[PDB]
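In C-alpha cells, the next block holds one chain alone, the form deposited without the named molecule.
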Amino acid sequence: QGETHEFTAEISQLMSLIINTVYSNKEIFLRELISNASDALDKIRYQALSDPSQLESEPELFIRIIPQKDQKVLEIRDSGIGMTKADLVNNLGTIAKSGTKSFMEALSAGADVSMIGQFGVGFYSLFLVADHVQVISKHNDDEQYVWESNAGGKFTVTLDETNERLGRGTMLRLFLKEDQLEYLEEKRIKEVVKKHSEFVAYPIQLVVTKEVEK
C-alpha cells in the first residue's frame, strides 16, 4: 500500500540544485547526516531522562555506518527517536520550507554548500552523492515505515515489510551515484568521520565486511 505525496515546491527546487551541483567538497554530506543522527539521539535521550522505558525498544544509543558494496548503497543508521508515519511526510517532504528558501537565496549570493546545515536542511545534502534515498524509520508510537525519494517532486511512504527491524530510530539508505563509490570504502569513511565528526556524543560505528583467509 504505497502512499504518494508531493514535496513542498521549494524543497523540490533545492533537491534539484543539490543533485545537479558540481560542488567539489561533497564529503560534507556525511557530516550533515551524522549531525542529524546525533540530534535524533538527543531527542530520545531527553525523553528517556523523564521516562527510561522509552529506551527499551533499543537500549543502545549509536550511529552506525553500513556500506553495502555490492548494492552500491551506503546506509546510515541511528537509534534516535525515530519518525512516525505522520512525521516522515511532514519532517522530510513539507516542513523546512523556510530553511530551503533561505539557503537557496544564500547560495545565489555566494554561500558555500557546506553551510547547508546552518539553514536546517542538511538532510538534503545526501543528494550530493546519491540519486535516490530510502528513509526507514521506527518511532515508539508507531510501526516501521519507509519513505522514498528520487530528488523529484514526489515521495512515497509505505509500511515497512521488507527491511530489518530497527527497534527504534532511523536508517538512511543512500543509492550512490556512479562517481561517488569512494564512500563505500572503509578508509574513506574513516577519514571523513575523523575530520568532520570529532565532537559527537554517541559512538560512530563502522560495519566492515572482510574475507576470512588463511
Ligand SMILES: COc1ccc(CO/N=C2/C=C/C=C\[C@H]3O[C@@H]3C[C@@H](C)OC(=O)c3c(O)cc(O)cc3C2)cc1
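All residue numbers refer to positions in the sequence shown, first residue = 1. Take the two forms, superpose them, and find the largest set of C-alpha atoms that agree within 1.5 Å; that set is the rigid core.
Here the subject shifts to the form deposited with the named molecule bound, a form of this protein not shown in this document.
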Determine the site state, open or blocked: transfer the named molecule from its pose in the deposited bound form by superposing the nearby C-alphas, then count ligand atoms within 2.4 Å of any backbone or C-beta atom, with 3 or more meaning blocked.
blocked
Work out which of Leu166, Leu176, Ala40, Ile189 lies within 4.5 Å of the named molecule in the deposited bound form, going by heavy atoms.
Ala40
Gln144 near the named molecule in the deposited bound form, any heavy atom under 4.5 Å?
no
Counting only non-hydrogen atoms and a 4.5 angstroms cut-off, does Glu27 reach the named molecule in the deposited bound form?
no
Is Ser102 one of the residues lying within 4.5 Å of the named molecule in the deposited bound form, judged by heavy atom distances?
no
So in the deposited bound form, does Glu32 come within 4.5 Å of the named molecule, heavy atom to heavy atom?
yes
Using heavy atoms and a 4.5 Å cut-off, decide whether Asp78, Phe123 and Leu126 all contact the named molecule in the deposited bound form.
yes
Given a superposition on the rigid core, I'd like a yes or no on whether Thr94 shifts its C-alpha by 2 Å or more between this form and the one not shown.
yes
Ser50 to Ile95, Cα distance in the deposited bound form relative to here: closer or farther, by 3 Å or more?
farther
Under comparison with the form shown, the C-alpha atoms of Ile95 and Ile81 in the deposited bound form shift by 3 angstroms or more, placing them farther
